[PDB]
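Following: one structure in structure tokens, then a few remarks.
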Amino acid sequence: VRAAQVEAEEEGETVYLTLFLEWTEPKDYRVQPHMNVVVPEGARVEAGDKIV
Amino acid sequence: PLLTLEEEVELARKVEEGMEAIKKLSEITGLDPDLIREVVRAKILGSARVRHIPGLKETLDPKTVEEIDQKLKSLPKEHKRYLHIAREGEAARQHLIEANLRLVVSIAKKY
DNA sequence: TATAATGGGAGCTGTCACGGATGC
């Protein structure tokens, strides 16, 4: 996970960091022999696009 | 060599989808589906074999298959995509046949 | 028309002798 932007606020003897983060979470999908992938390597998808 | 369940299902599937694509390409171009199939088959196998087909209403020589292949290549992307589908289906057909050529022997030895 | 099946089987054994085309 990467910190795109970093806003800070001073308050008393501390800072409070409002971090604009960006990061990728994995999910696995098991393929069966009767199935076929419709997507290449490293290809981006959206909500509702067909993988297999 | 013989087909893995995956390789078999894949070649099968591609065949069915190329048949579908020839149907769709007939819908699009208004040409005869059999003529379409023979043209795709011509270019798949090569010029080594092109010959007159009895059901075809037209004599299938390199001149007219070049003409029809050209009028096929003159398609939009989402239509010419069906030409690529049919080509892949023909090649899957030849590979699946040649794969199962040994079943035939094992079956005819009993005849 | 739909479990799944995936490379075959004989062979035939005792002539003799040439000419003429093909390999170390």
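To be explicit about the labels: the chains of the structure tokens are called A, B, and onward in the order shown, and within each one the residues are counted from 1, while ligands get numbers from 1 in the order they are shown.
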
Just list as a ChimeraX atom specification whatever in segment 3-105 of chain B DSSP marks as helix (DSSP H, G or I). /B:5-29,33-45,62-73,77-105

DSSP-assigned strand (DSSP E) members of chain A, reported as a PyMOL selection string: chain A and resi 2-11+14-22

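Rounded to one decimal, atom CA of residue 45 of chain B and atom CA of residue 34 of chain A lie 28.1 Å from each other.
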
Please return, as a count of residues only, all residues of chain B lying within 8 Å of chain C when only C-alpha atoms (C1' of nucleotides) are considered. 9

Show me, as a list in words, the residues of chain B whose atoms get within 9 Å of chain A, using only C-alpha atoms for the distance check. residues 5, 6, 7, 9 and 10 of chain B

Using N, CA, C and O atoms, can you export the residues from the last selection as an mmCIF file, in the first residue's frame?
```
data_model
loop_
_atom_site.group_PDB
_atom_site.id
_atom_site.type_symbol
_atom_site.label_atom_id
_atom_site.label_comp_id
_atom_site.auth_asym_id
_atom_site.auth_seq_id
_atom_site.Cartn_x
_atom_site.Cartn_y
_atom_site.Cartn_z
ATOM 1 N N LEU B 5 -8.112 -33.235 -21.517
ATOM 2 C CA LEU B 5 -9.515 -32.838 -21.342
ATOM 3 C C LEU B 5 -9.696 -31.361 -21.641
ATOM 4 O O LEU B 5 -10.663 -30.949 -22.293
ATOM 5 N N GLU B 6 -8.729 -30.565 -21.193
ATOM 6 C CA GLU B 6 -8.745 -29.143 -21.500
ATOM 7 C C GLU B 6 -8.551 -28.898 -22.990
ATOM 8 O O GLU B 6 -9.298 -28.123 -23.599
ATOM 9 N N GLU B 7 -7.543 -29.542 -23.593
ATOM 10 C CA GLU B 7 -7.250 -29.300 -25.004
ATOM 11 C C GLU B 7 -8.412 -29.740 -25.878
ATOM 12 O O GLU B 7 -8.774 -29.057 -26.848
ATOM 13 N N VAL B 9 -11.716 -29.988 -24.881
ATOM 14 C CA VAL B 9 -12.831 -29.067 -24.717
ATOM 15 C C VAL B 9 -12.555 -27.757 -25.438
ATOM 16 O O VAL B 9 -13.467 -27.177 -26.038
ATOM 17 N N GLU B 10 -11.290 -27.303 -25.445
ATOM 18 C CA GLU B 10 -10.939 -26.043 -26.101
ATOM 19 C C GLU B 10 -11.133 -26.120 -27.608
ATOM 20 O O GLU B 10 -11.752 -25.226 -28.209
#
```

Counting only C-alpha atoms, the option among B:18, B:30, B:62, B:1 closest to residue 85 of chain B: B:18

As an exercise, work out the distance from atom CA of residue 27 of chain A to atom CA of residue 2 of chain A in Å and give it to one decimal place.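 Interatomic distance, atom CA of residue 27 of chain A to atom CA of residue 2 of chain A: 19.0 Å.
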
Would you work out the distance separating atom CA of residue 38 of chain A from atom CA of residue 21 of chain B, expressed in Å to one decimal?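 Computed distance, atom CA of residue 38 of chain A to atom CA of residue 21 of chain B, equals 16.9 Å.
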
Selection: 10 Å around residue 28 of chain B, only C-alpha atoms (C1' of nucleotides), excl. self and same-chain fewer than 5 positions, as a PDB file with N, CA, C and O atoms, in the first residue's frame:
```
ATOM      1  N   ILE B  22     -19.527 -18.214 -38.577  1.00  0.00           N
ATOM      2  CA  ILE B  22     -19.889 -18.258 -39.988  1.00  0.00           C
ATOM      3  C   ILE B  22     -21.365 -17.905 -40.155  1.00  0.00           C
ATOM      4  O   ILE B  22     -21.742 -17.177 -41.085  1.00  0.00           O
ATOM      5  N   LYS B  23     -22.217 -18.373 -39.229  1.00  0.00           N
ATOM      6  CA  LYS B  23     -23.635 -17.990 -39.271  1.00  0.00           C
ATOM      7  C   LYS B  23     -23.793 -16.474 -39.144  1.00  0.00           C
ATOM      8  O   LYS B  23     -24.518 -15.833 -39.920  1.00  0.00           O
ATOM      9  N   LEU B  75     -14.574  -5.200 -43.595  1.00  0.00           N
ATOM     10  CA  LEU B  75     -15.599  -5.135 -42.562  1.00  0.00           C
ATOM     11  C   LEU B  75     -15.189  -4.270 -41.361  1.00  0.00           C
ATOM     12  O   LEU B  75     -13.999  -4.025 -41.123  1.00  0.00           O
ATOM     13  N   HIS B  79     -17.258  -6.854 -36.731  1.00  0.00           N
ATOM     14  CA  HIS B  79     -17.733  -7.819 -37.715  1.00  0.00           C
ATOM     15  C   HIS B  79     -16.609  -8.706 -38.243  1.00  0.00           C
ATOM     16  O   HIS B  79     -16.692  -9.934 -38.146  1.00  0.00           O
ATOM     17  N   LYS B  80     -15.546  -8.098 -38.780  1.00  0.00           N
ATOM     18  CA  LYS B  80     -14.306  -8.804 -39.095  1.00  0.00           C
ATOM     19  C   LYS B  80     -13.784  -9.650 -37.927  1.00  0.00           C
ATOM     20  O   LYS B  80     -13.008 -10.605 -38.138  1.00  0.00           O
ATOM     21  N   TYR B  82     -15.566 -11.727 -36.474  1.00  0.00           N
ATOM     22  CA  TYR B  82     -16.150 -13.036 -36.763  1.00  0.00           C
ATOM     23  C   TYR B  82     -15.351 -13.815 -37.811  1.00  0.00           C
ATOM     24  O   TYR B  82     -15.352 -15.055 -37.797  1.00  0.00           O
TER      25      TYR B  82
END
```
